[PDB]
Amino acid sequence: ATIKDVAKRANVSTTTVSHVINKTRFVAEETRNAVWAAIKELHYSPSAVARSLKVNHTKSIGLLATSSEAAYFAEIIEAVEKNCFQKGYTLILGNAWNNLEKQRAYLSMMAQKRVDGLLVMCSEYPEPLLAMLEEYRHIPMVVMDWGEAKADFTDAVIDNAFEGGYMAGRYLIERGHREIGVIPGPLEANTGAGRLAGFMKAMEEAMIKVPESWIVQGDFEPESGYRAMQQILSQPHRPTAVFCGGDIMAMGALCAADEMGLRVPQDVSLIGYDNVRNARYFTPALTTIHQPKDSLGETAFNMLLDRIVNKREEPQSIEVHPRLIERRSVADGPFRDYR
């Protein structure tokens, strides 16, 4: 029941009970035992609430995610979770779905619940959001998904999604392609706009022109893939290859080509991005840019912890790097031999 109850059974003071429970000071064996014994019949469970209340910290972190079912997301999340656990923390998962309201919502409940730090992955960042965010500069936090350091009041991990974008395009070019298309993810997010612009650089470098009929915005969702691909192959002249903003949307596009009896890579080449755990088992095996999701996990937790325990004041940023993963969805384009 309560510490009081334990001391009494133990015939010792709560001060004692508490010290033997946190080994915060020496306690006689005979003493220690008894308390243990007491603890064990009474079936005592120390109240962290009580405790947080005195010590001023909850040993609990809050992840304000965008959605958590998405392959990408899920994957990072599981990581972060692995980190909180090994280091004694507790995860409070919370998805805002990109709903400002839902965002002020969670944010507040968190503060109130007095989470030691805050992990942030909101995908898009409008001023209004960035604004709410500042209001909480007091809480240690890191934004795991910016392309640049959006603000001064936080830690940041940076994925170099542009470098990724560029890598994807190059491979395409280097494989013999010149008629390429793209189904970008929303321009309102980094992994969206950033990857696209990375891709667009390489093209310019190649004096390659992407006809706008060949550009089709996705939402990271497989249906979006499906429809984009559809819309691309559903036209007179079609690219010989396509760079797809994320693997799930990629998967999306794979199904629509199969449905038009288009052959991949034989008829259309396909490059994705993220390298989700199931990508290898796409059909065919997906060729994609791999986003280090597990470090993006770890590096964020870490930065936070630092700030948390090392009472760090200054905002810091850590870069991370994507890297090409070669599979079976891409094939040589018409200009390979001429390179």
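Start at 1 and count along the sequence shown; that's the residue number.
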{"item": "Given 98 to 106 and 223 to 231, the range whose Cα B-factors average higher in the PDB entry", "value": "98 to 106"}
{"item": "Stretch with the higher entry mean CA B-factor, where the candidates are 172 to 180 and 80 to 88", "value": "80 to 88"}
{"item": "From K201, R195, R114, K150, residue of greatest CA B-factor", "value": "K150"}
{"item": "Residue with maximal Cα B-factor (values as given in the PDB entry) among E124, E212, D159, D267", "value": "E212"}
{"item": "Position of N310 among the chain's modelled residues by C-alpha B-factor, lowest, middle or highest third", "value": "highest"}
{"item": "CA B-factor placement of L296, once the chain's modelled residues are sorted into thirds", "value": "lowest"}
{"item": "Among modelled residues of the same chain, the CA temperature factor third for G246", "value": "lowest"}
{"item": "B-factor third for the C-alpha atom of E30 within its chain", "value": "highest"}
{"item": "Third of the chain's Cα B-factor distribution that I289 belongs to, per the entry", "value": "middle"}
